[PDB]
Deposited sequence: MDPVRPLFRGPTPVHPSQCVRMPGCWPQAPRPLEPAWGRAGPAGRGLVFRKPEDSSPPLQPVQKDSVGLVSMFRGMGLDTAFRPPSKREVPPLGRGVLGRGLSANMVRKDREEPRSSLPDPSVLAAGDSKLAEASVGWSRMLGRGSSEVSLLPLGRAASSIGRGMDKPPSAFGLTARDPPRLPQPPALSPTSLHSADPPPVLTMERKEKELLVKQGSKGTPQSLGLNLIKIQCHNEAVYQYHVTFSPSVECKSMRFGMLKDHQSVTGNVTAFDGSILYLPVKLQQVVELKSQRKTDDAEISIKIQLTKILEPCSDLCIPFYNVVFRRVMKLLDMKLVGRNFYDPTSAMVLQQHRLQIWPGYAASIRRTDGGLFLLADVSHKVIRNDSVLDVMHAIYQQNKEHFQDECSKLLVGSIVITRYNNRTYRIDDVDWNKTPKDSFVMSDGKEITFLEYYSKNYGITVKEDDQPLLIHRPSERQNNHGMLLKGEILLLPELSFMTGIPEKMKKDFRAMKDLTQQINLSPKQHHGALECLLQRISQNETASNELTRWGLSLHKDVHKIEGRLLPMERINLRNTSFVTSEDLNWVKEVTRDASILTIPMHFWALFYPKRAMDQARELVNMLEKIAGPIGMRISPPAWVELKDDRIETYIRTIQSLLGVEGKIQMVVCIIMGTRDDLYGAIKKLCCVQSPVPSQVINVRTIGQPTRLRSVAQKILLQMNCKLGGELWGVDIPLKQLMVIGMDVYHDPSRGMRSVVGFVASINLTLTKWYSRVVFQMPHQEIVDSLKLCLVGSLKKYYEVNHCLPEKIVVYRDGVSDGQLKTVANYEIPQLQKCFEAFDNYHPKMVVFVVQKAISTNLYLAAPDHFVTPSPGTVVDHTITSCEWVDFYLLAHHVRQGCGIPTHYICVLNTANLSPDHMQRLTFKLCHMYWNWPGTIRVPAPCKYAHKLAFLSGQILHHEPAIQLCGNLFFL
């Protein structure tokens, strides 16, 4: 609505592409009615049809979504319409009952605007798959694996600070043209006796979609004794056969009467949904196709859209709307007019942050990546590693030997005084050799700095066991190396340099720093990791900078009980982190910068109105401690795609471009920042919502601080999407949620052990 002033001073203007705008409003008022269909029919197709047949009284200018109706003229307080079914001529009483009077400029009409856009861009003959609409005629077919890809648009009208836009982005829906009945026919041809077990093992857990009501269901069972000539209850105590339920109530003809039923039992809601495999289709790239290089090469090439290809598909949508007379008529009866082009803005590109080291402080590039620029110069703090151990199994003499030999080669210009390791052979590849050898060597020798292990293949139970032994049982920093990582000796120097910098990091060593312009500040990140497999323990990692250069990050994790508020545990995280800051800096920080992750748009008021008051009131566990807290909420935000205006076309945006208007929300002071270097696709800018700013921060200074903290991540040698404490607390939350399952030892918490 109102144009907030969030713009800064520095940075270079950059012309950017965007989404679409059309609702310069000309309708007078919208009247929202609820429609009751007696007897009950749930299919939106002929429900929309019979509401169109009462155009004499309802008008021709409607907006319908099955149960909620919108007019621009006010009817009576109830209307009893008479309709006849197109199938069996059943007299159906329609009850047009006025529920709401919506002003068209308000945010209550955003679902109505979305319903009328799904109307107009459904009138382009684009089919409904999942949430979005996809072109079935501009498709591309992969007949070697029975797929089609439909290039469509996830399009939603949303009101932002610069106006009330249509966010359209180019999605690509993967439609498996073979139905679950057709896939079962293919399996029945492929497998004769064990067709039932193989189709069960492929099908259960996997996701099908019914296209008539476009609902996705996880197959939880297949029942073969049931057959759709049998009857089921239509929601009010009425038996009806499935062919009658799909012909009388859905209008379409079931061809095969021998097919089984698909059972999706929801979360405990409770009721066995029975589905038809003729009208169920699988979704997903097939398992015989992912290993094929060519098919996924075409699929990847055509979903990796350049900004020219993305804007070309959006302007194809615009031209299809404008060239269609009935679609432009259906949009313009509500006073809505689409623009001739996608919206454009003038964002700003943030300046390049200098990466500092021990002796050589260097500015970055336009690429914003310093892989080569950091492994030939001295790191700012390398503690020397003499007594370390390296563990390798029986089939890994050569790769481990060249790993340590090349490590001794590259540790010269990096600045690590590495010694030859303990050459620990591992007898085999189970838990009770690796784990037992590590703690038995750890008990005898108390001067081990870093334990490095080599794992063959990719396993989660063993890596969890090494990190469980090295974080909560025997506190020692540990590094885990894959053996397919070290398979190629060609590009092995850069990855061995990154491994050496990672073992420098886990030992408490410092890699690089950025020039923080403000003083005496404490940067904090958390990340709630919501648990879907252990019973709702939203484990809160917590990473807090404890020095003036923001290179030492003391981290604590707190576990949360189900339906337990985060008061008594995030209070402990804050008081422990301020106590650690009191030991190190011997004063108190004048600013605390907090970055939140794991927040949807409906939890913004909960975060801003419950959790920041409880943290600012839990700051009173010290004497007269009232700092200047700043809270940010981070959201990757994969809906928006910025383009860049090359003098002929649209190119990928430069790393570090920010936009702080016209897509931003009206209720907060916030922005979208593209920090990393994106080389394929359009980049995904990250939404940073300032729910609290007690420090009187500048509009420019949060951009520079969030970008400087995007440089600050020591596990990737360039800029990254989220800030460094966001990814630190993110991996800390993964460690404590999926790997450790319990808070780590405190003596490791002075270092970045989780990297």
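S.K.: Identify which parts of the deposited sequence carry no C-alpha coordinates, going from the N-terminal end onward.
M.R.: Residues lacking C-alpha coordinates: 1-208, 477-484.
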